[PDB]
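Asks: Have a look at the structure that comes next, please.
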Amino acid sequence: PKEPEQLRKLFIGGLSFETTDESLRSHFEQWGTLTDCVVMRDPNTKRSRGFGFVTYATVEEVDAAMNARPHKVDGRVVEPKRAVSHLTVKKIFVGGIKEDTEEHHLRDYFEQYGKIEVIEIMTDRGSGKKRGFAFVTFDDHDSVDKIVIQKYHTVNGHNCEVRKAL
């Protein structure tokens, strides 16, 4: 069974206006099999709109392409993002961790999604007791984009609720 197509697709912004379907494809085929690759153009002038999308055969190929950023395509550094589920942030809310979840629990799990810069375990302003939720800040948005499309997150035995934090 194939992963849903929406999860295999990358928005590429910031294209050179000279990038074509063919040159975008030739670039991004370095990181996997592309089932689709389109530069968006004006319907009348055919002038590029400066963005496009590519679709890989598998999510692991999407990961490989994102891990190979920065991408310089036809001389210009472009901006790939996974398709929306774009609210582009580097921080997540992690709920449901209760009072026994510590920093190392959160770090050991989330470090495999991206490079962590801040872990904030929330405590009561008056008593200092743990409130049962936390924020994790990464150095880049793709970590968050991978995290929030998962159906489940299990950390320290708890089924957690994870969302983008703004």
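FYI, nothing fancy with the structure tokens labels: chains A, B, ... in order, residues from 1 per chain, ligands from 1 as they appear.
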Would you return as a PyMOL selection string the members of range 43-102 of chain A that DSSP assigns to strand (DSSP E or B) on this structure's backbone?
Replies: chain A and resi 48-56+72-73+76-77+79-82+91-95
Asks: If you keep N, CA and C atoms, can you produce a file of those selected residues as an mmCIF file, in the first residue's frame?
Replies:
```
data_model
loop_
_atom_site.group_PDB
_atom_site.id
_atom_site.type_symbol
_atom_site.label_atom_id
_atom_site.label_comp_id
_atom_site.auth_asym_id
_atom_site.auth_seq_id
_atom_site.Cartn_x
_atom_site.Cartn_y
_atom_site.Cartn_z
ATOM 1 N N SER A 48 6.445 31.922 -15.567
ATOM 2 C CA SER A 48 6.458 31.231 -14.287
ATOM 3 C C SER A 48 5.873 32.087 -13.180
ATOM 4 N N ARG A 49 5.143 31.435 -12.278
ATOM 5 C CA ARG A 49 4.687 32.057 -11.047
ATOM 6 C C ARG A 49 5.683 31.899 -9.910
ATOM 7 N N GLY A 50 6.824 31.262 -10.164
ATOM 8 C CA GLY A 50 7.875 31.221 -9.170
ATOM 9 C C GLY A 50 7.705 30.144 -8.130
ATOM 10 N N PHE A 51 6.786 29.201 -8.333
ATOM 11 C CA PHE A 51 6.683 28.053 -7.444
ATOM 12 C C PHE A 51 6.159 26.861 -8.227
ATOM 13 N N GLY A 52 6.256 25.698 -7.604
ATOM 14 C CA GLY A 52 5.820 24.470 -8.220
ATOM 15 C C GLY A 52 5.685 23.403 -7.162
ATOM 16 N N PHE A 53 5.496 22.168 -7.609
ATOM 17 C CA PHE A 53 5.476 21.070 -6.655
ATOM 18 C C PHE A 53 6.042 19.820 -7.306
ATOM 19 N N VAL A 54 6.541 18.943 -6.452
ATOM 20 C CA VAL A 54 7.036 17.636 -6.852
ATOM 21 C C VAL A 54 6.389 16.598 -5.948
ATOM 22 N N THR A 55 6.133 15.417 -6.502
ATOM 23 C CA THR A 55 5.567 14.302 -5.752
ATOM 24 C C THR A 55 6.497 13.102 -5.859
ATOM 25 N N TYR A 56 6.959 12.603 -4.715
ATOM 26 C CA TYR A 56 7.792 11.414 -4.658
ATOM 27 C C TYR A 56 6.952 10.147 -4.523
ATOM 28 N N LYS A 72 19.705 24.466 -4.269
ATOM 29 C CA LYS A 72 19.940 25.487 -5.284
ATOM 30 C C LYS A 72 19.520 24.894 -6.620
ATOM 31 N N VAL A 73 18.425 25.409 -7.171
ATOM 32 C CA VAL A 73 17.825 24.886 -8.392
ATOM 33 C C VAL A 73 17.958 25.952 -9.465
ATOM 34 N N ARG A 76 19.273 29.293 -8.002
ATOM 35 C CA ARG A 76 18.554 30.021 -6.967
ATOM 36 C C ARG A 76 18.197 29.074 -5.827
ATOM 37 N N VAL A 77 18.374 29.520 -4.587
ATOM 38 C CA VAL A 77 18.007 28.694 -3.439
ATOM 39 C C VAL A 77 16.491 28.739 -3.290
ATOM 40 N N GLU A 79 12.649 27.035 -1.647
ATOM 41 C CA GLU A 79 12.071 26.800 -0.319
ATOM 42 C C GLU A 79 11.090 25.642 -0.394
ATOM 43 N N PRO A 80 11.533 24.415 -0.133
ATOM 44 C CA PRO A 80 10.610 23.275 -0.131
ATOM 45 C C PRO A 80 9.867 23.168 1.189
ATOM 46 N N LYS A 81 8.586 22.832 1.104
ATOM 47 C CA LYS A 81 7.766 22.573 2.284
ATOM 48 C C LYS A 81 6.823 21.421 1.980
ATOM 49 N N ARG A 82 6.547 20.589 2.976
ATOM 50 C CA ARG A 82 5.527 19.566 2.800
ATOM 51 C C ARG A 82 4.154 20.209 2.630
ATOM 52 N N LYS A 91 7.931 25.332 16.507
ATOM 53 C CA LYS A 91 7.599 25.022 17.890
ATOM 54 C C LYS A 91 6.336 24.183 17.959
ATOM 55 N N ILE A 92 6.330 23.200 18.869
ATOM 56 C CA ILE A 92 5.159 22.366 19.102
ATOM 57 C C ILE A 92 4.731 22.452 20.559
ATOM 58 N N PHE A 93 3.426 22.317 20.744
ATOM 59 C CA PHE A 93 2.811 22.008 22.024
ATOM 60 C C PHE A 93 2.718 20.492 22.166
ATOM 61 N N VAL A 94 3.082 19.985 23.339
ATOM 62 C CA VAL A 94 3.000 18.563 23.663
ATOM 63 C C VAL A 94 2.117 18.431 24.893
ATOM 64 N N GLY A 95 0.904 17.909 24.716
ATOM 65 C CA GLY A 95 0.005 17.754 25.846
ATOM 66 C C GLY A 95 -0.153 16.319 26.299
#
```
Asks: As a PDB file with N, CA, C and O atoms, in the first residue's frame, please: the residues near range 143-154 of chain A (cut-off 8 Å, only C-alpha atoms, same-chain neighbours under 5 positions excluded).
Replies:
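Output below, filename out_27.pdb:
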```pdb
ATOM      1  N   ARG A  82       6.547  20.589   2.976  1.00  0.00           N
ATOM      2  CA  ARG A  82       5.527  19.566   2.800  1.00  0.00           C
ATOM      3  C   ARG A  82       4.154  20.209   2.630  1.00  0.00           C
ATOM      4  O   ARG A  82       3.895  21.311   3.122  1.00  0.00           O
ATOM      5  N   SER A  85      -1.651  20.227   5.975  1.00  0.00           N
ATOM      6  CA  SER A  85      -2.527  19.252   6.608  1.00  0.00           C
ATOM      7  C   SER A  85      -3.653  19.978   7.346  1.00  0.00           C
ATOM      8  O   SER A  85      -4.433  19.362   8.074  1.00  0.00           O
ATOM      9  N   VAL A  89       6.103  26.899  11.309  1.00  0.00           N
ATOM     10  CA  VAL A  89       6.598  27.210  12.645  1.00  0.00           C
ATOM     11  C   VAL A  89       7.616  26.159  13.064  1.00  0.00           C
ATOM     12  O   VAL A  89       7.698  25.066  12.502  1.00  0.00           O
ATOM     13  N   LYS A  90       8.371  26.502  14.102  1.00  0.00           N
ATOM     14  CA  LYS A  90       9.438  25.655  14.609  1.00  0.00           C
ATOM     15  C   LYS A  90       9.137  25.112  15.996  1.00  0.00           C
ATOM     16  O   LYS A  90       9.998  24.459  16.592  1.00  0.00           O
ATOM     17  N   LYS A  91       7.931  25.332  16.507  1.00  0.00           N
ATOM     18  CA  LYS A  91       7.599  25.022  17.890  1.00  0.00           C
ATOM     19  C   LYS A  91       6.336  24.183  17.959  1.00  0.00           C
ATOM     20  O   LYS A  91       5.370  24.442  17.236  1.00  0.00           O
ATOM     21  N   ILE A  92       6.330  23.200  18.869  1.00  0.00           N
ATOM     22  CA  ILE A  92       5.159  22.366  19.102  1.00  0.00           C
ATOM     23  C   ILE A  92       4.731  22.452  20.559  1.00  0.00           C
ATOM     24  O   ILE A  92       5.541  22.637  21.477  1.00  0.00           O
ATOM     25  N   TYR A 113      13.197  13.667  15.160  1.00  0.00           N
ATOM     26  CA  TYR A 113      12.475  14.467  14.183  1.00  0.00           C
ATOM     27  C   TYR A 113      13.267  15.678  13.724  1.00  0.00           C
ATOM     28  O   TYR A 113      13.035  16.182  12.619  1.00  0.00           O
ATOM     29  N   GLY A 114      14.167  16.181  14.556  1.00  0.00           N
ATOM     30  CA  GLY A 114      14.944  17.343  14.163  1.00  0.00           C
ATOM     31  C   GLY A 114      15.800  17.793  15.318  1.00  0.00           C
ATOM     32  O   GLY A 114      15.795  17.199  16.403  1.00  0.00           O
ATOM     33  N   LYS A 115      16.534  18.871  15.074  1.00  0.00           N
ATOM     34  CA  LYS A 115      17.492  19.361  16.054  1.00  0.00           C
ATOM     35  C   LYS A 115      16.775  20.269  17.045  1.00  0.00           C
ATOM     36  O   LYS A 115      16.216  21.297  16.661  1.00  0.00           O
ATOM     37  N   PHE A 138      12.425  23.544  17.685  1.00  0.00           N
ATOM     38  CA  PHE A 138      13.434  22.976  16.805  1.00  0.00           C
ATOM     39  C   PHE A 138      14.134  24.081  16.027  1.00  0.00           C
ATOM     40  O   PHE A 138      13.680  25.224  15.987  1.00  0.00           O
ATOM     41  N   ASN A 159      -0.001   8.595  25.776  1.00  0.00           N
ATOM     42  CA  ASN A 159      -0.501   8.992  24.463  1.00  0.00           C
ATOM     43  C   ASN A 159      -0.643  10.507  24.465  1.00  0.00           C
ATOM     44  O   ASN A 159      -1.510  11.052  25.156  1.00  0.00           O
ATOM     45  N   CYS A 160       0.205  11.190  23.699  1.00  0.00           N
ATOM     46  CA  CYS A 160       0.297  12.643  23.745  1.00  0.00           C
ATOM     47  C   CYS A 160      -0.467  13.300  22.600  1.00  0.00           C
ATOM     48  O   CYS A 160      -0.646  12.720  21.525  1.00  0.00           O
ATOM     49  N   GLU A 161      -0.913  14.529  22.848  1.00  0.00           N
ATOM     50  CA  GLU A 161      -1.500  15.389  21.831  1.00  0.00           C
ATOM     51  C   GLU A 161      -0.459  16.429  21.439  1.00  0.00           C
ATOM     52  O   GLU A 161       0.039  17.158  22.299  1.00  0.00           O
ATOM     53  N   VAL A 162      -0.119  16.489  20.153  1.00  0.00           N
ATOM     54  CA  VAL A 162       0.933  17.374  19.668  1.00  0.00           C
ATOM     55  C   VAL A 162       0.359  18.261  18.573  1.00  0.00           C
ATOM     56  O   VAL A 162      -0.303  17.776  17.646  1.00  0.00           O
ATOM     57  N   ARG A 163       0.610  19.562  18.683  1.00  0.00           N
ATOM     58  CA  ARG A 163       0.150  20.498  17.673  1.00  0.00           C
ATOM     59  C   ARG A 163       1.188  21.592  17.480  1.00  0.00           C
ATOM     60  O   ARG A 163       2.088  21.779  18.305  1.00  0.00           O
ATOM     61  N   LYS A 164       1.054  22.306  16.361  1.00  0.00           N
ATOM     62  CA  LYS A 164       1.887  23.473  16.100  1.00  0.00           C
ATOM     63  C   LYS A 164       1.595  24.560  17.131  1.00  0.00           C
ATOM     64  O   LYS A 164       0.440  24.788  17.502  1.00  0.00           O
TER      65      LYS A 164
END
```
Asks: Select from range 61-152 of chain A every residue with an atom at most 8 Å from any atom of range 31-46 of chain A, then for each give the shortest pair of atoms and their distance in Å to one decimal, using only C-alpha atoms, rows by chain and rising number, as JSON lines.
Replies:
```
{"residue": "A:61", "atom": "CA", "partner": "A:32", "partner_atom": "CA", "distance": 5.1}
{"residue": "A:62", "atom": "CA", "partner": "A:32", "partner_atom": "CA", "distance": 7.8}
{"residue": "A:64", "atom": "CA", "partner": "A:31", "partner_atom": "CA", "distance": 5.9}
{"residue": "A:65", "atom": "CA", "partner": "A:31", "partner_atom": "CA", "distance": 5.4}
```
Asks: Have a look at A:27, A:157, A:7, A:134 and name the one nearest to residue 75 in chain A; count only C-alpha atoms.
Replies: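 Of A:27, A:157, A:7, A:134, the one nearest residue 75 in chain A, counting only C-alpha atoms, is A:27.
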Asks: Between A:59, A:24, A:97, A:106, which is the closest to residue 71 in chain A once you count only C-alpha atoms?
Replies: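 Comparing A:59, A:24, A:97, A:106 against residue 71 in chain A, the winner is A:24.
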Asks: Among the residues of range 45-137 of chain A, find those DSSP assigns to helix (DSSP H, G or I) from the backbone and print them as a PyMOL selection string.
Replies: chain A and resi 59-67+103-110
Asks: Keeping only N, CA, C and O atoms, write those residues as an mmCIF file, in the first residue's frame.
Replies:
```cif
data_model
loop_
_atom_site.group_PDB
_atom_site.id
_atom_site.type_symbol
_atom_site.label_atom_id
_atom_site.label_comp_id
_atom_site.auth_asym_id
_atom_site.auth_seq_id
_atom_site.Cartn_x
_atom_site.Cartn_y
_atom_site.Cartn_z
ATOM 1 N N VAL A 59 7.295 8.509 1.255
ATOM 2 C CA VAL A 59 7.596 9.510 2.283
ATOM 3 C C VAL A 59 9.087 9.526 2.615
ATOM 4 O O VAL A 59 9.657 10.594 2.860
ATOM 5 N N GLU A 60 9.746 8.354 2.634
ATOM 6 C CA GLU A 60 11.188 8.355 2.884
ATOM 7 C C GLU A 60 11.944 9.189 1.855
ATOM 8 O O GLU A 60 12.936 9.834 2.200
ATOM 9 N N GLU A 61 11.481 9.218 0.598
ATOM 10 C CA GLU A 61 12.119 10.073 -0.398
ATOM 11 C C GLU A 61 11.872 11.549 -0.109
ATOM 12 O O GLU A 61 12.768 12.375 -0.303
ATOM 13 N N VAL A 62 10.663 11.904 0.353
ATOM 14 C CA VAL A 62 10.418 13.278 0.788
ATOM 15 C C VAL A 62 11.417 13.661 1.872
ATOM 16 O O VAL A 62 12.020 14.745 1.829
ATOM 17 N N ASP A 63 11.591 12.773 2.866
ATOM 18 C CA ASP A 63 12.554 13.019 3.937
ATOM 19 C C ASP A 63 13.948 13.243 3.368
ATOM 20 O O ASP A 63 14.660 14.159 3.789
ATOM 21 N N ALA A 64 14.353 12.414 2.405
ATOM 22 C CA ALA A 64 15.684 12.565 1.827
ATOM 23 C C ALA A 64 15.832 13.921 1.150
ATOM 24 O O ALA A 64 16.853 14.609 1.310
ATOM 25 N N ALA A 65 14.809 14.338 0.408
ATOM 26 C CA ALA A 65 14.880 15.644 -0.227
ATOM 27 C C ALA A 65 14.953 16.762 0.801
ATOM 28 O O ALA A 65 15.750 17.696 0.651
ATOM 29 N N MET A 66 14.134 16.693 1.857
ATOM 30 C CA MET A 66 14.212 17.744 2.869
ATOM 31 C C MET A 66 15.562 17.734 3.585
ATOM 32 O O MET A 66 16.101 18.794 3.920
ATOM 33 N N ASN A 67 16.138 16.555 3.819
ATOM 34 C CA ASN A 67 17.432 16.494 4.492
ATOM 35 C C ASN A 67 18.571 17.021 3.627
ATOM 36 O O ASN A 67 19.645 17.331 4.160
ATOM 37 N N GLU A 103 12.596 16.147 30.947
ATOM 38 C CA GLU A 103 13.191 16.673 29.722
ATOM 39 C C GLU A 103 13.780 15.564 28.860
ATOM 40 O O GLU A 103 13.631 15.579 27.631
ATOM 41 N N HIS A 104 14.440 14.584 29.478
ATOM 42 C CA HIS A 104 15.115 13.557 28.697
ATOM 43 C C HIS A 104 14.122 12.665 27.962
ATOM 44 O O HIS A 104 14.442 12.172 26.876
ATOM 45 N N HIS A 105 12.929 12.449 28.533
ATOM 46 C CA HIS A 105 11.868 11.733 27.825
ATOM 47 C C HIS A 105 11.526 12.439 26.521
ATOM 48 O O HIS A 105 11.468 11.819 25.450
ATOM 49 N N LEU A 106 11.290 13.744 26.608
ATOM 50 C CA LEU A 106 10.922 14.517 25.431
ATOM 51 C C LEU A 106 12.081 14.606 24.449
ATOM 52 O O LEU A 106 11.881 14.492 23.234
ATOM 53 N N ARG A 107 13.304 14.803 24.953
ATOM 54 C CA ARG A 107 14.457 14.926 24.068
ATOM 55 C C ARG A 107 14.719 13.633 23.301
ATOM 56 O O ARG A 107 14.936 13.651 22.085
ATOM 57 N N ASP A 108 14.730 12.494 24.007
ATOM 58 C CA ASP A 108 15.071 11.233 23.362
ATOM 59 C C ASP A 108 14.098 10.910 22.243
ATOM 60 O O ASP A 108 14.491 10.342 21.219
ATOM 61 N N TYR A 109 12.831 11.271 22.426
ATOM 62 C CA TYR A 109 11.838 11.031 21.389
ATOM 63 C C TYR A 109 11.956 12.052 20.260
ATOM 64 O O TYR A 109 12.157 11.694 19.094
ATOM 65 N N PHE A 110 11.875 13.338 20.588
ATOM 66 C CA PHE A 110 11.746 14.323 19.525
ATOM 67 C C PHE A 110 13.049 14.610 18.790
ATOM 68 O O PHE A 110 13.005 15.153 17.674
#
```
Asks: Quick one: pull the distance between CA of residue 156 in chain A and CA of residue 111 in chain A, Å, one decimal.
Replies: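 Taking CA of residue 156 in chain A and CA of residue 111 in chain A, their separation equals 14.6 Å.
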Asks: Would you mind telling me which residue in A:112, A:123, A:6, A:88 lies nearest to residue 166 in chain A when using only C-alpha atoms?
Replies: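 Closest residue, counting only C-alpha atoms: A:88.
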Asks: Rank A:87, A:139, A:2, A:96 by their smallest atom-to-atom distance to residue 158 in chain A, using only C-alpha atoms, and report the top residue only.
Replies: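 The answer is A:96, which sits nearest to residue 158 in chain A.
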Asks: What is the CA of residue 26 in chain A to CA of residue 47 in chain A distance in Å?
Replies: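 The value is 20.1 Å.
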Asks: Which one is closest to residue 14 in chain A: A:155, A:118, A:78, A:68? Count only C-alpha atoms.
Replies: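 Of A:155, A:118, A:78, A:68, the one nearest residue 14 in chain A, counting only C-alpha atoms, is A:78.
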